[PDB]
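Student: If it helps, the file is called coords-v9.cif and holds mmCIF, N, CA and C atoms:
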data_upload
#
loop_
_atom_site.label_atom_id
_atom_site.label_comp_id
_atom_site.auth_asym_id
_atom_site.auth_seq_id
_atom_site.Cartn_x
_atom_site.Cartn_y
_atom_site.Cartn_z
N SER A 1 6.47 10.71 -0.55
CA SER A 1 5.13 11.35 -0.56
C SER A 1 4.13 10.43 -1.23
N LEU A 2 2.84 10.67 -1.00
CA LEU A 2 1.80 9.85 -1.59
C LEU A 2 1.82 9.85 -3.11
N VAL A 3 2.24 10.97 -3.70
CA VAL A 3 2.32 11.04 -5.15
C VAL A 3 3.40 10.07 -5.63
N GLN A 4 4.47 9.95 -4.86
CA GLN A 4 5.56 9.03 -5.22
C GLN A 4 5.09 7.59 -5.08
N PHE A 5 4.29 7.33 -4.05
CA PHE A 5 3.76 5.99 -3.82
C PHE A 5 2.93 5.58 -5.04
N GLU A 6 2.12 6.50 -5.54
CA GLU A 6 1.30 6.24 -6.72
C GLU A 6 2.22 5.91 -7.89
N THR A 7 3.34 6.62 -7.98
CA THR A 7 4.31 6.41 -9.05
C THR A 7 4.94 5.02 -8.97
N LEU A 8 5.30 4.60 -7.76
CA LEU A 8 5.91 3.28 -7.59
C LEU A 8 4.93 2.17 -7.94
N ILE A 9 3.66 2.37 -7.61
CA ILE A 9 2.65 1.37 -7.92
C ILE A 9 2.53 1.23 -9.44
N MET A 10 2.50 2.35 -10.15
CA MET A 10 2.38 2.29 -11.61
C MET A 10 3.62 1.69 -12.25
N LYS A 11 4.78 1.97 -11.67
CA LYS A 11 6.05 1.45 -12.18
C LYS A 11 6.21 -0.05 -11.97
N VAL A 12 5.94 -0.49 -10.75
CA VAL A 12 6.08 -1.89 -10.38
C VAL A 12 4.89 -2.77 -10.75
N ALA A 13 3.69 -2.36 -10.35
CA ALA A 13 2.47 -3.12 -10.62
C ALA A 13 1.87 -2.82 -11.99
N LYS A 14 2.24 -1.67 -12.55
CA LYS A 14 1.73 -1.26 -13.85
C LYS A 14 0.22 -1.04 -13.79
N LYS A 16 -0.23 -0.52 -12.66
CA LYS A 16 -1.63 -0.22 -12.43
C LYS A 16 -1.72 1.11 -11.68
N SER A 17 -2.89 1.74 -11.75
CA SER A 17 -3.11 3.00 -11.05
C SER A 17 -3.56 2.70 -9.63
N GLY A 18 -2.81 3.20 -8.66
CA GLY A 18 -3.16 2.98 -7.27
C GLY A 18 -4.49 3.61 -6.93
N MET A 19 -4.71 4.80 -7.46
CA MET A 19 -5.95 5.54 -7.23
C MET A 19 -7.17 4.80 -7.75
N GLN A 20 -7.04 4.19 -8.92
CA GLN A 20 -8.15 3.47 -9.54
C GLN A 20 -8.40 2.05 -9.03
N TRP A 21 -7.34 1.36 -8.64
CA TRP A 21 -7.49 -0.03 -8.22
C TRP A 21 -7.31 -0.33 -6.74
N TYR A 22 -6.65 0.57 -6.01
CA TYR A 22 -6.37 0.33 -4.60
C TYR A 22 -6.79 1.40 -3.61
N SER A 23 -7.63 2.34 -4.02
CA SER A 23 -8.03 3.41 -3.11
C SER A 23 -9.26 3.12 -2.23
N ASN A 24 -9.97 2.03 -2.51
CA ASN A 24 -11.14 1.67 -1.71
C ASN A 24 -11.48 0.19 -1.92
N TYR A 25 -10.51 -0.65 -1.57
CA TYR A 25 -10.61 -2.09 -1.73
C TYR A 25 -10.47 -2.80 -0.38
N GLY A 26 -11.44 -3.67 -0.09
CA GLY A 26 -11.41 -4.40 1.17
C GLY A 26 -11.49 -3.47 2.37
N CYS A 27 -10.94 -3.92 3.49
CA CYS A 27 -10.96 -3.14 4.72
C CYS A 27 -9.82 -2.13 4.88
N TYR A 28 -8.68 -2.40 4.25
CA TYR A 28 -7.52 -1.54 4.43
C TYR A 28 -6.97 -0.75 3.24
N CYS A 29 -7.37 -1.10 2.02
CA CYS A 29 -6.86 -0.36 0.87
C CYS A 29 -7.65 0.94 0.73
N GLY A 30 -7.02 2.02 1.16
CA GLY A 30 -7.62 3.34 1.16
C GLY A 30 -7.19 3.96 2.47
N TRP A 31 -7.65 5.17 2.78
CA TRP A 31 -7.24 5.80 4.03
C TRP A 31 -7.77 5.06 5.25
N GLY A 32 -6.89 4.86 6.23
CA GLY A 32 -7.27 4.16 7.44
C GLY A 32 -7.68 2.72 7.20
N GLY A 33 -8.39 2.15 8.16
CA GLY A 33 -8.84 0.78 8.04
C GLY A 33 -9.27 0.22 9.38
N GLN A 34 -10.02 -0.87 9.32
CA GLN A 34 -10.52 -1.55 10.51
C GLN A 34 -10.93 -2.96 10.10
N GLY A 35 -11.07 -3.85 11.08
CA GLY A 35 -11.46 -5.22 10.77
C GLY A 35 -10.31 -6.08 10.29
N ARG A 36 -10.64 -7.18 9.62
CA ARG A 36 -9.64 -8.12 9.11
C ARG A 36 -9.23 -7.86 7.67
N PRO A 37 -7.94 -8.07 7.36
CA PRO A 37 -7.53 -7.85 5.97
C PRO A 37 -8.33 -8.98 5.28
N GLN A 38 -9.04 -8.66 4.21
CA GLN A 38 -9.88 -9.66 3.54
C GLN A 38 -9.22 -10.65 2.60
N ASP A 39 -8.16 -10.21 1.92
CA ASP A 39 -7.43 -11.08 1.01
C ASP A 39 -5.98 -10.64 0.91
N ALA A 40 -5.25 -11.23 -0.04
CA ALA A 40 -3.83 -10.91 -0.22
C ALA A 40 -3.60 -9.42 -0.44
N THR A 41 -4.32 -8.85 -1.40
CA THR A 41 -4.19 -7.43 -1.72
C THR A 41 -4.51 -6.57 -0.51
N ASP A 42 -5.60 -6.90 0.18
CA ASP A 42 -6.01 -6.15 1.36
C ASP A 42 -4.92 -6.18 2.43
N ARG A 43 -4.28 -7.33 2.60
CA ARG A 43 -3.21 -7.45 3.60
C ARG A 43 -2.00 -6.62 3.19
N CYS A 44 -1.79 -6.46 1.88
CA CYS A 44 -0.68 -5.66 1.41
C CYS A 44 -0.87 -4.24 1.95
N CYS A 45 -2.11 -3.77 1.88
CA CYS A 45 -2.48 -2.43 2.34
C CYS A 45 -2.41 -2.33 3.85
N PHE A 46 -2.82 -3.40 4.52
CA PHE A 46 -2.78 -3.45 5.98
C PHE A 46 -1.33 -3.24 6.43
N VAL A 47 -0.42 -3.99 5.83
CA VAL A 47 1.00 -3.91 6.15
C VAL A 47 1.54 -2.52 5.86
N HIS A 48 1.10 -1.93 4.75
CA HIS A 48 1.54 -0.59 4.38
C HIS A 48 1.10 0.43 5.42
N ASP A 49 -0.13 0.30 5.90
CA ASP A 49 -0.64 1.22 6.92
C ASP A 49 0.21 1.09 8.18
N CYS A 50 0.51 -0.16 8.55
CA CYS A 50 1.33 -0.45 9.73
C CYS A 50 2.74 0.13 9.57
N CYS A 51 3.29 -0.02 8.37
CA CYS A 51 4.63 0.47 8.06
C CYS A 51 4.71 1.98 8.28
N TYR A 52 3.73 2.70 7.76
CA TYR A 52 3.66 4.16 7.90
C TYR A 52 3.51 4.53 9.37
N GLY A 53 2.72 3.74 10.09
CA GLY A 53 2.48 3.98 11.49
C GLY A 53 3.71 3.87 12.37
N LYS A 54 4.73 3.17 11.89
CA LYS A 54 5.95 2.99 12.66
C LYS A 54 7.05 3.98 12.28
N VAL A 55 6.81 4.80 11.27
CA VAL A 55 7.80 5.79 10.85
C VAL A 55 7.78 6.98 11.81
N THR A 56 8.92 7.23 12.45
CA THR A 56 9.03 8.36 13.37
C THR A 56 10.23 9.23 13.01
N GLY A 59 9.99 10.53 12.90
CA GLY A 59 11.05 11.45 12.56
C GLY A 59 10.76 12.21 11.28
N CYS A 61 9.81 11.71 10.50
CA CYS A 61 9.44 12.34 9.24
C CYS A 61 7.98 12.04 8.91
N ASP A 67 7.49 12.62 7.81
CA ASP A 67 6.09 12.45 7.40
C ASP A 67 5.90 11.69 6.09
N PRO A 68 5.40 10.44 6.18
CA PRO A 68 5.15 9.56 5.04
C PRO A 68 4.22 10.15 3.99
N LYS A 69 3.37 11.08 4.39
CA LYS A 69 2.43 11.65 3.44
C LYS A 69 3.00 12.75 2.56
N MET A 70 3.77 13.66 3.15
CA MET A 70 4.32 14.78 2.39
C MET A 70 5.81 14.80 2.10
N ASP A 71 6.61 14.10 2.90
CA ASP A 71 8.05 14.11 2.65
C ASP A 71 8.42 13.34 1.39
N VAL A 72 9.37 13.91 0.64
CA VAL A 72 9.84 13.33 -0.62
C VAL A 72 11.13 12.55 -0.44
N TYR A 73 11.15 11.32 -0.94
CA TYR A 73 12.33 10.48 -0.85
C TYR A 73 12.94 10.28 -2.23
N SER A 74 14.15 9.75 -2.26
CA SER A 74 14.83 9.52 -3.52
C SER A 74 15.04 8.04 -3.77
N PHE A 75 14.97 7.65 -5.03
CA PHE A 75 15.18 6.27 -5.40
C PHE A 75 15.73 6.21 -6.81
N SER A 76 16.28 5.05 -7.16
CA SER A 76 16.82 4.84 -8.49
C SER A 76 16.44 3.43 -8.89
N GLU A 77 16.64 3.10 -10.16
CA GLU A 77 16.30 1.78 -10.64
C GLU A 77 17.58 1.10 -11.11
N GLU A 78 17.93 -0.02 -10.48
CA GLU A 78 19.14 -0.76 -10.83
C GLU A 78 18.95 -2.26 -10.62
N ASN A 79 19.66 -3.06 -11.41
CA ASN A 79 19.56 -4.51 -11.34
C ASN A 79 18.11 -4.98 -11.40
N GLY A 80 17.28 -4.19 -12.08
CA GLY A 80 15.87 -4.53 -12.23
C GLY A 80 15.04 -4.43 -10.96
N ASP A 81 15.31 -3.41 -10.15
CA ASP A 81 14.59 -3.22 -8.90
C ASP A 81 14.48 -1.73 -8.57
N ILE A 82 13.73 -1.42 -7.52
CA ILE A 82 13.59 -0.04 -7.07
C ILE A 82 14.53 0.07 -5.88
N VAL A 83 15.51 0.95 -5.97
CA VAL A 83 16.48 1.13 -4.90
C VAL A 83 16.24 2.44 -4.17
N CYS A 84 15.84 2.34 -2.90
CA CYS A 84 15.59 3.52 -2.08
C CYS A 84 16.93 4.10 -1.63
N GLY A 85 17.11 5.41 -1.77
CA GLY A 85 18.37 6.00 -1.37
C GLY A 85 18.25 7.29 -0.57
N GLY A 86 19.18 8.21 -0.78
CA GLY A 86 19.15 9.47 -0.06
C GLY A 86 20.06 9.44 1.15
N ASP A 88 20.25 10.59 1.80
CA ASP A 88 21.11 10.66 2.98
C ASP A 88 20.29 10.74 4.27
N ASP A 89 18.98 10.59 4.14
CA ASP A 89 18.08 10.67 5.29
C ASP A 89 17.47 9.29 5.57
N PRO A 90 17.89 8.65 6.67
CA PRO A 90 17.36 7.32 7.00
C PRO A 90 15.85 7.24 7.20
N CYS A 91 15.24 8.31 7.70
CA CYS A 91 13.80 8.31 7.93
C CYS A 91 13.07 8.29 6.59
N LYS A 92 13.53 9.11 5.64
CA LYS A 92 12.90 9.16 4.33
C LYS A 92 13.11 7.85 3.57
N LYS A 93 14.25 7.21 3.79
CA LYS A 93 14.52 5.94 3.12
C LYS A 93 13.53 4.89 3.64
N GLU A 94 13.17 5.01 4.91
CA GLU A 94 12.22 4.09 5.53
C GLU A 94 10.83 4.24 4.90
N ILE A 95 10.46 5.48 4.56
CA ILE A 95 9.17 5.73 3.93
C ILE A 95 9.18 5.06 2.56
N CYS A 96 10.28 5.26 1.84
CA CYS A 96 10.43 4.68 0.52
C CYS A 96 10.32 3.16 0.57
N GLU A 97 10.93 2.54 1.58
CA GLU A 97 10.87 1.08 1.71
C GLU A 97 9.43 0.62 1.93
N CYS A 98 8.67 1.39 2.70
CA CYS A 98 7.27 1.03 2.94
C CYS A 98 6.50 0.99 1.62
N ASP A 99 6.66 2.04 0.82
CA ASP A 99 5.98 2.16 -0.47
C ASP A 99 6.46 1.10 -1.46
N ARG A 100 7.77 0.88 -1.50
CA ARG A 100 8.35 -0.11 -2.38
C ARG A 100 7.76 -1.49 -2.09
N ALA A 101 7.79 -1.88 -0.82
CA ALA A 101 7.27 -3.19 -0.41
C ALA A 101 5.80 -3.38 -0.80
N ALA A 102 5.00 -2.33 -0.64
CA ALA A 102 3.57 -2.39 -0.97
C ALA A 102 3.35 -2.53 -2.47
N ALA A 103 4.13 -1.80 -3.26
CA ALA A 103 4.01 -1.84 -4.72
C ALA A 103 4.30 -3.26 -5.21
N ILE A 104 5.36 -3.85 -4.67
CA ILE A 104 5.74 -5.21 -5.04
C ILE A 104 4.65 -6.19 -4.60
N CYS A 105 4.12 -5.99 -3.40
CA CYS A 105 3.06 -6.85 -2.87
C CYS A 105 1.84 -6.81 -3.78
N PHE A 106 1.46 -5.62 -4.26
CA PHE A 106 0.31 -5.52 -5.16
C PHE A 106 0.58 -6.29 -6.44
N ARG A 107 1.79 -6.11 -6.98
CA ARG A 107 2.19 -6.79 -8.21
C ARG A 107 2.16 -8.31 -8.05
N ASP A 108 2.72 -8.80 -6.95
CA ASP A 108 2.78 -10.23 -6.70
C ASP A 108 1.44 -10.89 -6.39
N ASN A 109 0.42 -10.10 -6.08
CA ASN A 109 -0.88 -10.68 -5.76
C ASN A 109 -1.99 -10.32 -6.73
N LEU A 110 -1.61 -9.89 -7.93
CA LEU A 110 -2.59 -9.54 -8.94
C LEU A 110 -3.41 -10.77 -9.30
N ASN A 111 -2.82 -11.94 -9.08
CA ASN A 111 -3.49 -13.21 -9.39
C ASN A 111 -4.82 -13.39 -8.67
N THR A 112 -4.96 -12.80 -7.48
CA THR A 112 -6.20 -12.94 -6.72
C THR A 112 -6.99 -11.65 -6.56
N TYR A 113 -6.52 -10.57 -7.18
CA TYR A 113 -7.22 -9.29 -7.09
C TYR A 113 -8.66 -9.48 -7.54
N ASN A 114 -9.61 -9.04 -6.73
CA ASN A 114 -11.03 -9.19 -7.06
C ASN A 114 -11.83 -7.96 -6.67
N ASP A 115 -11.87 -6.97 -7.55
CA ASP A 115 -12.60 -5.74 -7.27
C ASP A 115 -14.12 -5.95 -7.19
N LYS A 116 -14.64 -6.90 -7.95
CA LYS A 116 -16.08 -7.15 -7.92
C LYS A 116 -16.56 -7.55 -6.52
N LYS A 117 -15.73 -8.25 -5.77
CA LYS A 117 -16.13 -8.66 -4.43
C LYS A 117 -15.69 -7.68 -3.35
N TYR A 118 -14.52 -7.08 -3.52
CA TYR A 118 -13.99 -6.20 -2.49
C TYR A 118 -14.04 -4.67 -2.64
N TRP A 119 -14.46 -4.15 -3.78
CA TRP A 119 -14.51 -2.69 -3.89
C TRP A 119 -15.67 -2.13 -3.06
N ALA A 120 -15.39 -1.08 -2.28
CA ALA A 120 -16.42 -0.47 -1.43
C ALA A 120 -17.07 -1.58 -0.60
N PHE A 121 -16.24 -2.30 0.14
CA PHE A 121 -16.66 -3.44 0.96
C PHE A 121 -17.67 -3.14 2.06
N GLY A 122 -17.60 -1.94 2.63
CA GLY A 122 -18.52 -1.57 3.69
C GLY A 122 -17.93 -1.73 5.08
N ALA A 123 -18.28 -0.83 5.99
CA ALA A 123 -17.77 -0.85 7.36
C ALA A 123 -18.31 -2.03 8.16
N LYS A 124 -19.57 -2.38 7.95
CA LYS A 124 -20.15 -3.49 8.68
C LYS A 124 -19.32 -4.74 8.50
N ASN A 125 -18.75 -4.89 7.30
CA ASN A 125 -17.92 -6.05 6.98
C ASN A 125 -16.53 -5.92 7.57
N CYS A 126 -16.22 -4.75 8.12
CA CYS A 126 -14.92 -4.51 8.73
C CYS A 126 -15.12 -4.02 10.16
N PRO A 127 -15.71 -4.86 11.03
CA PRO A 127 -15.98 -4.53 12.43
C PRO A 127 -14.73 -4.11 13.19
N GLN A 128 -14.86 -3.07 14.00
CA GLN A 128 -13.73 -2.58 14.78
C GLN A 128 -13.21 -3.66 15.74
N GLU A 129 -14.11 -4.54 16.18
CA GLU A 129 -13.73 -5.60 17.11
C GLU A 129 -12.88 -6.69 16.45
N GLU A 130 -12.84 -6.71 15.12
CA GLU A 130 -12.04 -7.70 14.42
C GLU A 130 -10.77 -7.07 13.86
N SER A 131 -10.47 -5.85 14.30
CA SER A 131 -9.29 -5.15 13.83
C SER A 131 -8.00 -5.82 14.26
N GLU A 132 -7.28 -6.37 13.29
CA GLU A 132 -6.01 -7.04 13.55
C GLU A 132 -4.96 -6.01 13.94
N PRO A 133 -4.22 -6.28 15.03
CA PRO A 133 -3.18 -5.34 15.47
C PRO A 133 -1.92 -5.51 14.63
N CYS A 134 -1.19 -4.42 14.44
CA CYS A 134 0.05 -4.48 13.68
C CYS A 134 1.05 -5.31 14.49
#
Translate the structure described by the file into structure tokens.
Tutor:
Amino acid sequence: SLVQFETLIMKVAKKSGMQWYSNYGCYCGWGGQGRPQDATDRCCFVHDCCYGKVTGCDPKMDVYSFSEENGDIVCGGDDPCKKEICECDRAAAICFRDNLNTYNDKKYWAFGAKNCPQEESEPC
């Protein structure tokens, strides 16, 4: 579920997803259009694509299970569809953490639709 995604971001990236990634660039936030603007934005682009390929369950409301071992987030459970949702969130959390070096809210927060033309929308 989205609440779990927020939890993974805080656990892995040690940042609030709501405060730092809810309206950044063209893809960080609900939906998206245009080109991913930077590393962080592409992390979100990939996450949107990941959710878009999940079939059989709901990435927004379904709850998945995970544990922490060998210094990582391990997605588990007996439901393969829910594990897939967890993997999407896990990958995005790690991506945000690994690209904090270039995070730039001053340039990319509330970027604007004009800057994210539908004609430049990169396909998954």
Student: Work out how far CA of residue 43 (chain A) is from CA of residue 28 (chain A), in Å to one decimal.
Tutor: 7.4 Å
Student: For CA of residue 89 (chain A) and CA of residue 105 (chain A), quote the distance in Å rounded to one decimal.
Tutor: 24.5 Å
Student: As an NGL selection string, please: every residue in chain A that DSSP puts in helix (DSSP H, G or I).
Tutor: :A and (2-12 or 18-21 or 40-53 or 90-108 or 110-112 or 115-118 or 128-130)
Student: Could you list the residues chosen by the PyMOL selection byres ((chain A and resi 42) around 6.5) in this structure as a list in words?
Tutor: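 This file gives the following for the PyMOL selection byres ((chain A and resi 42) around 6.5): residues 25, 26, 27, 28, 29, 37, 38, 39, 40, 41, 43, 44, 45, 46 and 47 of chain A.
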Student: Do a neighbour search on residue 52 (chain A) at 8 Å with only C-alpha atoms, toss out local chain neighbours closer than 5 positions, and write the hits as a PyMOL selection string.
Tutor: chain A and resi 68+95+98
Student: Apply DSSP to the backbone of this structure and, from region 18-125 of chain A, keep only the residues in strand (DSSP E); write these as an MDAnalysis selection string.
Tutor: chainID A and resid 75:78 81:84
Student: Would you write out, as a PDB file with N, CA and C atoms, keeping the file's coordinate frame, every residue that the PyMOL selection byres (((chain A and resi 71 and name CA) around 10) and name CA) captures in this file?
Tutor:
ATOM      1  N   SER A   1       6.470  10.710  -0.550  1.00  0.00           N
ATOM      2  CA  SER A   1       5.130  11.350  -0.560  1.00  0.00           C
ATOM      3  C   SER A   1       4.130  10.430  -1.230  1.00  0.00           C
ATOM      4  N   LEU A   2       2.840  10.670  -1.000  1.00  0.00           N
ATOM      5  CA  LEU A   2       1.800   9.850  -1.590  1.00  0.00           C
ATOM      6  C   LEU A   2       1.820   9.850  -3.110  1.00  0.00           C
ATOM      7  N   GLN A   4       4.470   9.950  -4.860  1.00  0.00           N
ATOM      8  CA  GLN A   4       5.560   9.030  -5.220  1.00  0.00           C
ATOM      9  C   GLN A   4       5.090   7.590  -5.080  1.00  0.00           C
ATOM     10  N   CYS A  61       9.810  11.710  10.500  1.00  0.00           N
ATOM     11  CA  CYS A  61       9.440  12.340   9.240  1.00  0.00           C
ATOM     12  C   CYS A  61       7.980  12.040   8.910  1.00  0.00           C
ATOM     13  N   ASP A  67       7.490  12.620   7.810  1.00  0.00           N
ATOM     14  CA  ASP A  67       6.090  12.450   7.400  1.00  0.00           C
ATOM     15  C   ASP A  67       5.900  11.690   6.090  1.00  0.00           C
ATOM     16  N   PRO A  68       5.400  10.440   6.180  1.00  0.00           N
ATOM     17  CA  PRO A  68       5.150   9.560   5.040  1.00  0.00           C
ATOM     18  C   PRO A  68       4.220  10.150   3.990  1.00  0.00           C
ATOM     19  N   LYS A  69       3.370  11.080   4.390  1.00  0.00           N
ATOM     20  CA  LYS A  69       2.430  11.650   3.440  1.00  0.00           C
ATOM     21  C   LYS A  69       3.000  12.750   2.560  1.00  0.00           C
ATOM     22  N   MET A  70       3.770  13.660   3.150  1.00  0.00           N
ATOM     23  CA  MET A  70       4.320  14.780   2.390  1.00  0.00           C
ATOM     24  C   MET A  70       5.810  14.800   2.100  1.00  0.00           C
ATOM     25  N   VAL A  72       9.370  13.910   0.640  1.00  0.00           N
ATOM     26  CA  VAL A  72       9.840  13.330  -0.620  1.00  0.00           C
ATOM     27  C   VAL A  72      11.130  12.550  -0.440  1.00  0.00           C
ATOM     28  N   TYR A  73      11.150  11.320  -0.940  1.00  0.00           N
ATOM     29  CA  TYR A  73      12.330  10.480  -0.850  1.00  0.00           C
ATOM     30  C   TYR A  73      12.940  10.280  -2.230  1.00  0.00           C
ATOM     31  N   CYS A  91      15.240   8.310   7.700  1.00  0.00           N
ATOM     32  CA  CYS A  91      13.800   8.310   7.930  1.00  0.00           C
ATOM     33  C   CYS A  91      13.070   8.290   6.590  1.00  0.00           C
ATOM     34  N   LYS A  92      13.530   9.110   5.640  1.00  0.00           N
ATOM     35  CA  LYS A  92      12.900   9.160   4.330  1.00  0.00           C
ATOM     36  C   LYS A  92      13.110   7.850   3.570  1.00  0.00           C
ATOM     37  N   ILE A  95      10.460   5.480   4.560  1.00  0.00           N
ATOM     38  CA  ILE A  95       9.170   5.730   3.930  1.00  0.00           C
ATOM     39  C   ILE A  95       9.180   5.060   2.560  1.00  0.00           C
ATOM     40  N   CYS A  96      10.280   5.260   1.840  1.00  0.00           N
ATOM     41  CA  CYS A  96      10.430   4.680   0.520  1.00  0.00           C
ATOM     42  C   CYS A  96      10.320   3.160   0.570  1.00  0.00           C
TER      43      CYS A  96
END
Student: Place a sphere of radius 6.5 Å on (8.1, 0.0, 7.5) in the file coordinates and name every protein, DNA or RNA residue with an atom inside or on its surface, counting all atoms listed in the file; give the answer as a list in words.
Tutor: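 Neighbouring residues, ordered by chain and number, come to residues 50, 51, 52, 54, 55, 94, 97 and 98 of chain A.
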Student: I'd like to see the residues matched by the PyMOL selection byres ((chain A and resi 110-127) around 6) on this file, and ideally I'd get them as a list in words.
Tutor: residues 24, 25, 26, 27, 34, 35, 36, 106, 107, 108, 109, 128, 129, 130 and 131 of chain A
Student: Rounded to one decimal, what separation in Å do you get between atom C of residue 32 (chain A) and CA of residue 53 (chain A)?
Tutor: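 These atoms are spaced 11.1 Å apart.
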Student: Box time for region 1-17 of chain A: axis-aligned, enclosing all its listed atoms, 3 Å extra on each side; report centre and edge lengths in Å to one decimal, as AutoDock Vina command-line options.
Tutor:
--center_x 1.5 --center_y 4.1 --center_z -7.2 --size_x 16.0 --size_y 20.5 --size_z 19.3
Student: Restricting the calculation to only N, CA and C atoms, which member of A:74, A:16, A:23, A:100 is positioned closest to residue 88 (chain A)?
Tutor: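 The answer is A:74, which sits nearest to residue 88 (chain A).
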Student: Here is a test: counting all atoms listed in the file, which residue of A:77, A:85, A:133, A:18 is nearest to residue 5 (chain A)?
Tutor: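 Between A:77, A:85, A:133, A:18, the residue approaching residue 5 (chain A) most closely is A:18.
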Student: What are the closest atom pairs, with distances in Å to one decimal, for all residues of region 45-84 of chain A lying within 12 Å of region 11-14 of chain A? Consider only C-alpha atoms, order rows by chain and residue number, and present the result as a Markdown table.
Tutor:
| residue | atom | partner | partner_atom | distance |
| --- | --- | --- | --- | --- |
| A:76 | CA | A:11 | CA | 11.9 |
| A:77 | CA | A:11 | CA | 10.4 |
| A:80 | CA | A:12 | CA | 10.3 |
| A:81 | CA | A:12 | CA | 8.7 |
| A:82 | CA | A:12 | CA | 8.4 |
Student: Convert the current residue selection to file output with N, CA and C atoms, as an mmCIF file, keeping the file's coordinate frame.
Tutor:
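Saved to out11.cif:
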data_model
loop_
_atom_site.group_PDB
_atom_site.id
_atom_site.type_symbol
_atom_site.label_atom_id
_atom_site.label_comp_id
_atom_site.auth_asym_id
_atom_site.auth_seq_id
_atom_site.Cartn_x
_atom_site.Cartn_y
_atom_site.Cartn_z
ATOM 1 N N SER A 76 16.280 5.050 -7.160
ATOM 2 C CA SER A 76 16.820 4.840 -8.490
ATOM 3 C C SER A 76 16.440 3.430 -8.890
ATOM 4 N N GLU A 77 16.640 3.100 -10.160
ATOM 5 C CA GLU A 77 16.300 1.780 -10.640
ATOM 6 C C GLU A 77 17.580 1.100 -11.110
ATOM 7 N N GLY A 80 17.280 -4.190 -12.080
ATOM 8 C CA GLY A 80 15.870 -4.530 -12.230
ATOM 9 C C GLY A 80 15.040 -4.430 -10.960
ATOM 10 N N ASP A 81 15.310 -3.410 -10.150
ATOM 11 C CA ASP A 81 14.590 -3.220 -8.900
ATOM 12 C C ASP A 81 14.480 -1.730 -8.570
ATOM 13 N N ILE A 82 13.730 -1.420 -7.520
ATOM 14 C CA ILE A 82 13.590 -0.040 -7.070
ATOM 15 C C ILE A 82 14.530 0.070 -5.880
#
Student: Taking N, CA, C and O atoms as the atom set, what does region 39-50 of chain A look like once completed, written as an mmCIF file, keeping the file's coordinate frame?
Tutor:
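And here's part13.cif as it stands now:
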data_model
loop_
_atom_site.group_PDB
_atom_site.id
_atom_site.type_symbol
_atom_site.label_atom_id
_atom_site.label_comp_id
_atom_site.auth_asym_id
_atom_site.auth_seq_id
_atom_site.Cartn_x
_atom_site.Cartn_y
_atom_site.Cartn_z
ATOM 1 N N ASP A 39 -8.160 -10.210 1.920
ATOM 2 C CA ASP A 39 -7.430 -11.080 1.010
ATOM 3 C C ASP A 39 -5.980 -10.640 0.910
ATOM 4 O O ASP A 39 -5.521 -9.795 1.678
ATOM 5 N N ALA A 40 -5.250 -11.230 -0.040
ATOM 6 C CA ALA A 40 -3.830 -10.910 -0.220
ATOM 7 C C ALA A 40 -3.600 -9.420 -0.440
ATOM 8 O O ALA A 40 -2.779 -8.810 0.236
ATOM 9 N N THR A 41 -4.320 -8.850 -1.400
ATOM 10 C CA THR A 41 -4.190 -7.430 -1.720
ATOM 11 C C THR A 41 -4.510 -6.570 -0.510
ATOM 12 O O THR A 41 -3.789 -5.617 -0.212
ATOM 13 N N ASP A 42 -5.600 -6.900 0.180
ATOM 14 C CA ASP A 42 -6.010 -6.150 1.360
ATOM 15 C C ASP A 42 -4.920 -6.180 2.430
ATOM 16 O O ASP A 42 -4.673 -5.197 3.105
ATOM 17 N N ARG A 43 -4.280 -7.330 2.600
ATOM 18 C CA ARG A 43 -3.210 -7.450 3.600
ATOM 19 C C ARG A 43 -2.000 -6.620 3.190
ATOM 20 O O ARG A 43 -1.234 -6.153 4.053
ATOM 21 N N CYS A 44 -1.790 -6.460 1.880
ATOM 22 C CA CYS A 44 -0.680 -5.660 1.410
ATOM 23 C C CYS A 44 -0.870 -4.240 1.950
ATOM 24 O O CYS A 44 0.081 -3.601 2.412
ATOM 25 N N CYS A 45 -2.110 -3.770 1.880
ATOM 26 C CA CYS A 45 -2.480 -2.430 2.340
ATOM 27 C C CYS A 45 -2.410 -2.330 3.850
ATOM 28 O O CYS A 45 -1.993 -1.312 4.393
ATOM 29 N N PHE A 46 -2.820 -3.400 4.520
ATOM 30 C CA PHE A 46 -2.780 -3.450 5.980
ATOM 31 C C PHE A 46 -1.330 -3.240 6.430
ATOM 32 O O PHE A 46 -1.046 -2.411 7.297
ATOM 33 N N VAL A 47 -0.420 -3.990 5.830
ATOM 34 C CA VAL A 47 1.000 -3.910 6.150
ATOM 35 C C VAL A 47 1.540 -2.520 5.860
ATOM 36 O O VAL A 47 2.350 -1.983 6.620
ATOM 37 N N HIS A 48 1.100 -1.930 4.750
ATOM 38 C CA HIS A 48 1.540 -0.590 4.380
ATOM 39 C C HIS A 48 1.100 0.430 5.420
ATOM 40 O O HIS A 48 1.868 1.335 5.768
ATOM 41 N N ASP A 49 -0.130 0.300 5.900
ATOM 42 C CA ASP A 49 -0.640 1.220 6.920
ATOM 43 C C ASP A 49 0.210 1.090 8.180
ATOM 44 O O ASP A 49 0.574 2.079 8.812
ATOM 45 N N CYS A 50 0.510 -0.160 8.550
ATOM 46 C CA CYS A 50 1.330 -0.450 9.730
ATOM 47 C C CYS A 50 2.740 0.130 9.570
ATOM 48 O O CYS A 50 3.314 0.675 10.510
#
